[PDB]
């Protein structure tokens, strides 16, 4: 069972974590792994080998935070390391449903693609809804004065905090709660990698929560959004016969009443049982002429042929 491990950044000095992050930056994601990079790739490691790379203090920091577990003879990590877009991130290893804990954290399935779709501009205050590992928040922290990440999974909140400390980031905060409840005030930027995929209307789990989580999100967005703010959402959308997602969305957003502009970029689609249609896409709320537009953008395809330059893309 994966994703129930205890994560406790609060039990380590901020400096020790910052140094560990420095060490990880040198090796995570690079060829010829050192013992630290081996540890964070899921390989058990002799602790004296770690000692020479992170110090005995670093070694004790790894234990105290929950990043490492002492199997007597060796150390092992329940987490896996990533490095991308200027940040080091720990998350759960990519494993199948049957062995996931209820607090399993998104193992960065779509993060790198999503970061590349995001408008490159920065601003005053950003919100990362369902922050998971915290990866989107950490990237946003570089160009926002402050960033709040929220999740209902307490373990995601702890991991997010740890990941911010590892990167020595000071302007990013994380709170446990349900949707917007722990997010006070308005935001000039809201990003939401939604937990929607194949489940349609039905709650399966925190990573497939059903369409209602989008309804809640979009019904409340208008009161959480600063004038001129931007909203970006990864989501799965179900068009049913005589019942397109986009009409439900416009209803939720009070589109004309609140005077918002929404663009939906569809990347993938398939026919469904109903004679309806499933789609995956990227939704953007941004200042301009009121209304809703649908465009095609096979960014998943383009990401596969050449990741390194979708790019963005939406700025257009």
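For the two forms, the rigid core is made up of the largest set of C-alpha atoms that agree within 1.5 Å on superposition. Numbering follows the first chain given and starts at 1.
- Relative to the displayed structure, the C-alphas of 267 to 275 lie farther away on average in 6 other deposited structures of this protein than those of the other candidate, with 267 to 275 and 33 to 41 compared after rigid core superposition.
- For the pair 145 to 153 and 73 to 81, the mean Cα B-factor is higher in 73 to 81.
- The mean Cα B-factor in the deposited entry runs higher for 112 to 120 than for the other of 112 to 120 and 129 to 137.
- Annotation for 68, 27, 264, 290: 290 ranks highest, by Cα B-factor.
- The top Cα temperature factor in the record, among 44, 254, 33, 281, falls on 44.
- Ranked within its chain, residue 160 lands in the lowest third, by CA B factor from the PDB record.
- Sort the modelled residues of the chain by CA B factor and residue 181 lands in the middle third.
- When the modelled residues of the chain are ordered by C-alpha B-factor, residue 10 sits in the middle third.
- Among all modelled residues in this chain, the alpha-carbon of residue 285 has a temperature factor (C-alpha) in the lowest third.
- Annotation for residue 239: C-alpha temperature factor in the highest third relative to the rest of the modelled chain, per the entry.
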